[PDB]
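Numbering (the authors' numbering), first residue to last: 25 to 122. We treat Cβ as the ideally placed atom computed from N, Cα and C, and that holds for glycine.
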Amino acid sequence: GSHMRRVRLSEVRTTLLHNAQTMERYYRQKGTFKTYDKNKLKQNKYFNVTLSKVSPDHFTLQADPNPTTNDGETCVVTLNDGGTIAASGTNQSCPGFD
Numbered sequence: 025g026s027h028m029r030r031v032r033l034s035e036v037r038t039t040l041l042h043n044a045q046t047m048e049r050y051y052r053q054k055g056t057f058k059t060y061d062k063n064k065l066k067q068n069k070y071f072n073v074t075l076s077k078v079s080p081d082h083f084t085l086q087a088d089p090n091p092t093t094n095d096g097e098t099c100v101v102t103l104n105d106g107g108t109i110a111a112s113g114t115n116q117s118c119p120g121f122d
């Protein structure tokens, strides 16, 4: 196993949760996710965070590993507005998500 993968995967959990909280506040202010400026997502040194799905009442955030700083990591981590967090890799377990 790898201490560094465990740390980095734990940290991207936090990055995703912070982004989800920001969007939960935006929804209470605006009543939709459709107008949210995707440029405002908080990033991580080791994972690129995007909105893979956006609809009026739901979203999915996705963290894809950054190969410049995190080469060898294949786990992609997702978090939706219902609070479901999940990770899957390419023949690679995702510590903290398995």
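Within the region 35 to 100, the runs of beta strand (DSSP E) at least 3 residues long that lie entirely inside it are, in chain order, 71 to 78 and 83 to 89. Under the 10 Å beta carbon count, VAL31 is surrounded by fewer than 16 other beta carbons and is classified as exposed. Burial is judged here by how many other beta carbons sit within 10 angstroms of a residue's own beta carbon; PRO91 has fewer than 16 and is exposed.
Residue pairing by DSSP puts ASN104 in a beta bridge opposite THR84.
The C-alpha of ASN104 lies about 21 Å from the C-alpha of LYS69.
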